[PDB]
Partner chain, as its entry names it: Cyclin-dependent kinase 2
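What follows is a single chain, given as structure tokens, in the form deposited without its partner chain.
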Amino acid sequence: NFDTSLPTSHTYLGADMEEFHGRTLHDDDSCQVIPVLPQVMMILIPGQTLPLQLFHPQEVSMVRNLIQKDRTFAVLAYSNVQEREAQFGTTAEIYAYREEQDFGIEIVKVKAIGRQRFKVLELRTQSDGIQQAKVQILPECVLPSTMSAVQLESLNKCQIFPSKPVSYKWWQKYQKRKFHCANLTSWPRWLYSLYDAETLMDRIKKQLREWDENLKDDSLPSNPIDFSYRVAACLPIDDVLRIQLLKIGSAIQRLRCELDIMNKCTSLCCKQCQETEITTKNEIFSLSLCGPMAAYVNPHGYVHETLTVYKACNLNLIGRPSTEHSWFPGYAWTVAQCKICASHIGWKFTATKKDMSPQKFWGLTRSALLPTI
């Protein structure tokens, strides 16, 4: 009975924001140089939101200059954290901006979203403490239906289907009629359906439906690209898998890879332990429109990712309920640490007094988690 549109707005950082409307799509495959934030260790996927609080002179000056020219910058996914190198990154367009003063220090609140991918082709250090990377925009490839190339017309009047009823028989009929021309080739129908966008999307949704039972068809997007990006954003994997899914350039290949990852992963454990059952796949469940995983920012300055679950083991709780800058409006929270490693893992949340809602909530950070496929 908890609203799912509340945490998405990030009301904690602020209520009134200077929203900016307008879009600027960079031409594909072009070469352009854009500034890069100095301290960012998060891999950003297109269509995901990102807040940020900044208080550094050079970074604040960069944002102030940028907020009037195009409102776009770049984020680099670091293959290795120690050595700052990267081959792929994501363009980010800012859609929010606010300023605050704290007795003599300027603080900037920014909200942006990923737009496009790219392969870094050069980077340089400007004489201001920041970096500027020149990169070529990667392409987004969409392929036509596999059966369109087989023939020209044949029976085109039968290629359009009646509206899907609000299903097994319907899917069987869809496969049987859509790929009827498959008999003119050397491969059966199911082989072609294995590379069909709609069937892959339906399989993905069926797999996910266990986690959320109130999921609505409108809840997930319809276009293959948007669906693929959304699914890739909200999966509990390590950074290598995210980079792999980022490298893929075709929607079909990304969907197949995501389905493989979903069917492979079984459970998650403490990164420091490397063997400690903390949670399984079934336990995953979302409480926000974006999904189980989303971006947030600590008022201290560090931005931590967190998910939503209802069960934890091998955890030691520490602290008492508090509410000063909590991301969701109304909730308690206490720190948790690894029972063996003693390392901080996540935060245990207790619902608020108003009405009633899930009393025990576990929100962890992927930084201290690792699957056990």
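What we label the rigid core is the largest C-alpha set whose atoms superpose within 1.5 Å from one form to the other. Numbering follows the first chain given and starts at 1.
The deposited sequence places 4 to 9 unmodelled residues between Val166 and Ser167.
Keep in mind that the form solved in complex with its partner chain is missing from the display, and what follows is about it.
With its partner chain left out of view, the stretch that reaches within 4.5 Å of it through heavy atoms in the deposited complex is, among 276-284, 101-109, 226-234, 212-220, 101-109. Its partner chain in the deposited complex comes within 4.5 Å of a heavy atom belonging to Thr323.
Although the partner is absent from this view, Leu25 stays clear of its partner chain in the deposited complex, with no non-hydrogen atom inside 4.5 angstroms. Shown alone here, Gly14 lies within 4.5 Å of its partner chain in the deposited complex, counting heavy atoms only. Core-based superposition between the shown form and the other one leaves all of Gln132, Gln244, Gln136, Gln207 but one with CA shifts under 2 Å; the exception is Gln207. Put the two forms on the same core and the Cα of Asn298 is off by less than 2 Å between the shown form and the other one. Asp102: CA moves 2 Å or more between the shown form and the other one after rigid-core fitting. Core-superposed comparison between the shown form and the other one: CA of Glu83 displaced by 2 Å or more. Pairwise change in the deposited complex: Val81 and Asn298 C-alpha atoms lie farther apart than in the shown form, at least 3 Å. Relative to this conformation, an increase of 3 Å or more in the Cα-Cα distance between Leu235 and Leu215 is found in the deposited complex.
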